[PDB]
Structures are given as structure tokens and as C-alpha cells.
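This document starts with one chain, in the form deposited in one PDB entry, laid out as C-alpha cells.
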């Protein structure tokens, strides 16, 4: 059989190679995972674009080429965080996990995919500079050191009237105060502030209700939420896992059956059947981890948290 060109990219890597034409998604995954030395695999997946212009997640069970993968050379893939923990502090154990979450989240905030207010964005920026350059040194980090760096969301630079050097001074002032903070600590402090942002870790889906009004369905670690089309920060209606008895779809109709037997089922419409299938898969994947983290840590996890306790110690 003729080999297929695949190119899985990490937030800070690029992995080009070939596999068997009749190879599963888990084989590609298990390969990417080992090449990179990632063990907390449960937060990740391989994202790809299809024939309709959608960015979904590779199914591990099926063959790579069978699930609608945009045909090209090489076959573009992206190793990314698919699930976000409820608390980054106690759930992202290893350094490689933390680094990958940091880069993806930072990339998303910078691209304006996740909203961030101006002051918070600057504070985030300084943690990013502290993480890249390390301790601020007046002698080496001479004025203009942050001129080649993209630090703020494009939309905060536009909504706020400050010159280029002024913004760089705001971030510099914060950088100075982070002295002593290691890279791992700096990225985690970044993620700690980022995880409280309204749009962080939310998977948005363009939907419509019975009437026809355009809405947004958001799927995250805690449940489902319906948003008004021009407001993706504040949910108009929320559905925590604890208030949902059942979730299902019928062609283009998705139904959320509440626990309260006196409340009406929430019904929405997706543009296509594939959307509803992906919506249910994500919900199940998030609820799965929601349950998993509420059950005692696996022997493997207990050991990783024990290994990180050592890699953070400064004693001989």
C-alpha cells in the first residue's frame, strides 16, 4: 500500500512522518504522545479540518483517512488540548502539559478567540515575558526589549489609546515585580488567571432554536450553556452536569432533558447532523473527566504528583 504524508504539529513542535493507510487514530495519537513524552494524554487530541471547513477532533477508533479528513500533502494535524481541567493548579501535573496548555491558551487570548480585559491582558503579558526572558535585568533587558514580541490582544490595542512603547512600559513595570519566578511558575500563574476568563475552555457551536433565532451553544468542563449570538461571555441559560438527566440528538435536533421533572426540555438545532454528533461526543468527554476527577487518583496520577513534588524541591 502507498504511504500517506502526515504532519502533526504541537504548540512548539512539528512532527512529519508516515504511517499505514489502514491505521487507527489511536495509533497516530499513541505515536505523537510518545515522541513528545506526554503522559497526561486525557486532555489532548488531534484537531483537523474537513471537507466542509469545520475543525473537529480525530476519532481514535476509526482509520485516519476514513473520517472526513481534508485530502492534501501532507495530511495536516494539530496536537492540542481538547479538554480543560477545572483547576489548572492541581490538574496539570507535568511540565510538558503545562507548557502546551500555556502556549495554546496564550495563543487563543492573543488572537482574540478568548476575551480578556486590558488590565488583565497586560498582567498576563508580563507573566509571558517573565516566562520567556526570566528575571528582569536592567543591564541586559535594555529599553525596546519587548518591541519584537506580540504581547497584547489585537482588540485591546485597538480599544486603548497608548503608543507602542507605552504598552511595553506597562508590561515592563509588571515584569520587574515577578523577579524570582521560575518558568514553570510563571506559565502556571498565567494559566491561573486565564482559567477564570469567561470564554476559557468553552467549545462554541453556532445553533438556532425552534423559532429560528441564532444562538451559541457552549460546551465546557462544567456542562452546556446557551448564548445570545452577540454575547459569548454571559450564558442566557446554563446546564451544569448536575441539572442534566439526558442529552441527545435526532438528525438536526438536539434535546437537553433537565433533572427537574417540572422544567421543559431545551431544544436547539444544529446546521448539520455531524455537528450534533460532535456536540454529544464532547459533552460525554467532558462529563467523563468531570466524573474521573471526582474519583480517587489513579496509581499513575498519584505517582506523577509525587514526581512533581521532587522536581520542585531545591534540596539535595
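Residue numbers count along the first chain shown, from 1. So that the term is clear: the rigid core is the largest set of C-alpha atoms that superpose within 1.5 Å between two forms.
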Determine, for stretches 229-237 and 112-120, which one has the higher mean CA B-factor as deposited. 229-237
Averaging C-alpha B-factors over each stretch, which comes out higher, 300-308 or 16-24? 16-24
Identify, among 288, 265, 251, 50, the residue whose C-alpha carries the highest B-factor in the deposited PDB entry. 50
Pick out which of 138, 170, 160, 106 has the highest C-alpha B-factor in the PDB entry. 160
Lowest, middle or highest third: where is residue 84 by Cα B-factor in its chain? lowest
Place residue 76 in the lowest, middle or highest third of its chain's C-alpha B-factors, as listed in the PDB entry. highest
C-alpha B factor of residue 46, ranked within the chain: lowest, middle or highest third? middle
Chain-relative CA temperature factor third for residue 178: middle
Among the modelled residues of its chain, does the C-alpha B-factor of residue 164 lie in the lowest, middle or highest third? highest
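Below, we turn to the form solved in complex with a partner chain, even though it does not appear here.
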So in the deposited complex, is its partner chain close enough to residue 265 to count as touching (4.5 Å, heavy atoms)? yes
Does any heavy atom of residue 270 come within 4.5 Å of a heavy atom of its partner chain in the deposited complex? no
How about residue 225: is it within 4.5 Å of its partner chain in the deposited complex, going by heavy atoms? yes
Taking its partner chain as it sits in the deposited complex, is residue 140 in contact with it (heavy atom to heavy atom, 4.5 Å or less)? no
Among the candidate residues 179, 208, 150, 164, which is the single one with a non-hydrogen atom no more than 4.5 Å from its partner chain in the deposited complex? 208
Which of 235, 85, 134, 118 has a heavy atom within 4.5 Å of its partner chain in the deposited complex? 235
Tell me the stretch among 256-264, 50-58, 37-45, 63-71 that has any heavy atom within 4.5 angstroms of its partner chain in the deposited complex. 256-264
Core-superposed comparison between the shown form and the other one: the option from 163, 148, 73, 234 whose CA moves 2 angstroms or more: 73
Residue 50: CA shift of at least 2 Å between the shown form and the other one after core fit? yes
Following rigid core alignment, is the displacement of the residue 246 C-alpha between the shown form and the other one equal to or greater than 2 angstroms? yes
Core-superposed C-alpha of residue 41 shifting 2 Å or more between the shown form and the other one: no
